[PDB]
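Chemist: Before anything else, here's the structure in question.
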Ligand SMILES: *[C@@H]1O[C@H](CO)[C@@H](O[C@@H]2O[C@H](CO)[C@@H](O[C@@H]3O[C@H](CO)[C@@H](O)[C@H](O[C@H]4O[C@H](CO)[C@@H](O)[C@H](O)[C@@H]4O)[C@@H]3O)[C@H](O)[C@H]2NC(C)=O)[C@H](O)[C@H]1NC(C)=O
Ligand SMILES: *[C@@H]1O[C@H](CO[C@@H]2O[C@@H](C)[C@@H](O)[C@@H](O)[C@@H]2O)[C@@H](O[C@@H]2O[C@H](CO)[C@@H](O[C@@H]3O[C@H](CO)[C@@H](O)[C@H](O)[C@@H]3O)[C@H](O)[C@H]2NC(C)=O)[C@H](O)[C@H]1NC(C)=O
Ligand SMILES: *[C@@H]1O[C@H](CO)[C@@H](O)[C@H](O)[C@H]1NC(C)=O
Ligand SMILES: *[C@@H]1O[C@H](CO)[C@@H](O)[C@H](O)[C@H]1NC(C)=O
Ligand SMILES: *[C@@H]1O[C@H](CO)[C@@H](O)[C@H](O)[C@H]1NC(C)=O
């Protein structure tokens, strides 16, 4: 999930842009 | 619930 | 009108104009993530043809949208065949939204309502969801402007009891909540109080006529509400009847036929016959 | 091709008596999707058109007296008149409407008198 | 790397995307 | 105000054709089916055929070759044509509405009498 990868765990800007 | 909303909204394909 | 599949409109408002020739959304509808929109873009925008939604409805972070009375003025039934986490209607973080205004929403066949974190949103306590939903205990309408008890809710409108208060029910300042007589059940009534046909659902244009229903209580066929799809028709999406020719075109790029229904896949224990799209019992385990 | 058959052909009876007539189908009329039988019963009084009494094996038509009761499921169905009135002198047909429509031979219900 | 939770995620989608 | 009226020639010579028109009123033909049922003198009812709302037609397996059913939705009329008549075709021909999704034949017309002789 999204919160699984970017809320529970650290998450860079480029790693976050994969979702949109 | 809010965590469930984000996991199903921010998918690469919208629908 | 026309029947369109599920939608997921976001970012741009030009994608929203895909509902201009749409009356029934055979699926869900998600309008979300519009941060640069203004109320100037919603005053002239309207989709009066939309009547029914098969699955759920989702509004999330749609800036500028102050009311839905002009966006979906004829939305009547949300069947809730497939829900958004046990919710057929989700109004989450819809800022600038002043009211719901769905003065035609008469019946949510399945699911509940989730309205949370919607600032500037009033006209919520003036809605008796028990006349729309059968399971109002599973609702969750919190963290709104109406929670502060200081909303300018002003409504002739009928008055019901929610907790321990006799409050009049109205969607907007000029739209009451239409409550039909007890004898009409969920079939809907006219403005005078005449019950619609026993196959209607929510509203109709003429009473005691299954061909004048706004929505169907069971299934829709040939412009008439029916209780079941008779042979040689099939139940599709659990709301309308189709023939074998329709279910065959959808399969050719993969629906099948089972129990007089056009379903996407055969259930566990049955395999598809390649000739007539009919699910047959497998020999031993099926692949 | 479905084939219906009723019995008896005719029967005489006095007023206020119980009457039962059958209607056998060559194929099961039970719909798997809604669990109902596609069978109807029709009454045709002398000099009149047929009248829909009971549809879906047991459901009575709006305006039908409670004396007429329809029972049965699958292939064997029966129509029962609780208290036969004098006005029940008519021919009763059973019609299946699962796939196409087929009427039965019909049972002639005559009322005794002297 | 960075932690984004709740409304911070919605703000992150609005800024980056 | 659901009504159905038949209009037949009444007398048809043997080995000719029979044309009957069912003029309906009170319901849309696009949403309701209309059956054709005849009744020989002193004999039981016999289903000839019906036409659905979309236009599809079903016929009796024994009399499919001779029967022909069409309709005009704008005129609210349903037509029946039978070919190569015989003396045993003398009967009263009805037309009945069919809410196929809900109830079977409910409203029947008074029928028209057709005699096949010389
Ligand atoms: C709103 O309109 C409806 C439509 O008439 C009205 O009637 C009620 O609708 C609900 C929703 O379908 C009915 O609940 C069903 O009851 C049956 C029989 O008990 C159950 O089997 C159903 O559950 C199964 O079927 C569902 C659909 O296939 C599945 O999704 C589900 O997982 C189960 O498999 C379902 O619970 C209810 O019976 C009717 N009531 C009547 C009297 O007809 C409803 O009352 C209206 N609500 C208002 C006006 O507030
Ligand atoms: C099997 O079903 C298809 C699809 O029918 C469509 O979906 C159903 C659920 C109903 O809502 C129908 O009302 C709907 O049309 C049938 O194909 C359709 O057939 C009709 C008439 O046979 C076509 O209508 C025509 O359209 C032209 C314009 O293109 C007009 O000029 C005509 O006057 C007439 O109205 C329709 O276009 C057609 N649609 C498609 C996608 O093919 C199909 O006929 C049916 N099969 C059988 C055997 O009945
Ligand atoms: C939004 O629509 C405009 C045209 O009105 C188009 O130029 C732009 O690329 C669209 N952007 C997105 C993200 O859809
Ligand atoms: C909707 O119908 C109108 C009819 O004139 C047509 O011009 C338009 O292109 C249609 N739009 C869509 C999205 O189908
Ligand atoms: C219900 O249907 C009638 C007839 O189309 C329409 O006039 C009315 O606005 C609809 N809504 C309500 C709440 O009556």
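All residue numbers given for chain A refer to Swiss-Prot; the residues shown span 95-114 in order.
Method on record in the header is X-ray crystallography, 3.2 Å.
In case you wondered, yes, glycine gets a Cβ from its N, Cα and C as well.
Feature list, courtesy of Swiss-Prot:
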type	residues	note
DISULFID	A:100-A:105	disulfide bond
MOD_RES	A:98	4-carboxyglutamate
MOD_RES	A:104	4-hydroxyproline
MOD_RES	A:109	4-carboxyglutamate
MOD_RES	A:114	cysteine amide
Chemist: Minimum Cβ neighbour count within 10 Å among the recorded positions A:100, A:105, A:114: which residue?
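Modeler: Minimum Cβ neighbour count within 10 Å, taken over the recorded positions A:100, A:105, A:114, occurs at A:114.
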Chemist: Where's the emptiest Cβ shell within 10 Å among the modified residues A:98, A:109?
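Modeler: Result for the modified residues A:98, A:109: minimum number of other Cβ atoms within 10 Å at A:98.
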Chemist: Could you round the CA separation between residue A:104 (4-hydroxyproline) and residue A:98 (4-carboxyglutamate) to a whole angstrom and send it over?
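Modeler: For residue A:104 (4-hydroxyproline) versus residue A:98 (4-carboxyglutamate), the Cα atoms are 10 Å apart.
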Chemist: Work out how many Å separate residue A:100 (disulfide bond) and residue A:109 (4-carboxyglutamate) at their Cα atoms, rounded off.
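Modeler: Here the two Cα atoms lie 9 Å apart.
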Chemist: Which recorded positions from the set A:100, A:109, A:114 come near ligand 5, judged by a Cβ under 6 Å from any of its atoms?
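Modeler: So the answer is none.
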Chemist: For residue A:104 (4-hydroxyproline), list the number of other Cβ atoms lying within 10 Å of its Cβ atom.
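Modeler: Taking every protein chain into account, the count is 12.
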Chemist: At a CB cut-off of under 8 A, do any of the modified residues A:98, A:109, A:114 come close to chain B? List them or say none.
Modeler: A:98, A:114
Chemist: For chain E, give the subset of the recorded positions A:98, A:100, A:114 whose C-beta is less than 8 angstroms from one of that chain's C-beta atoms, in sequence order, otherwise 'none'.
Modeler: A:100, A:114
Chemist: Could you check what DSSP calls residue A:105 (disulfide bond) once collapsed to helix, strand or coil?
Modeler: coil
Chemist: Three-state secondary structure of residue A:114 (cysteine amide) from DSSP?
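Modeler: Once the DSSP labels are grouped into three classes, residue A:114 (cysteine amide) ends up as coil.
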Chemist: Measuring Cα to Cα, tell me the gap between residue A:105 (disulfide bond) and residue A:114 (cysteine amide) in whole angstrom.
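Modeler: If we compare the Cα positions of residue A:105 (disulfide bond) and residue A:114 (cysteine amide), the gap is 14 Å.
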Chemist: Per DSSP, to which secondary structure element type does residue A:100 (disulfide bond) belong, with helix, strand and coil as the options?
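Modeler: Going by the DSSP assignment, residue A:100 (disulfide bond) falls within a helical segment, counted as helix.
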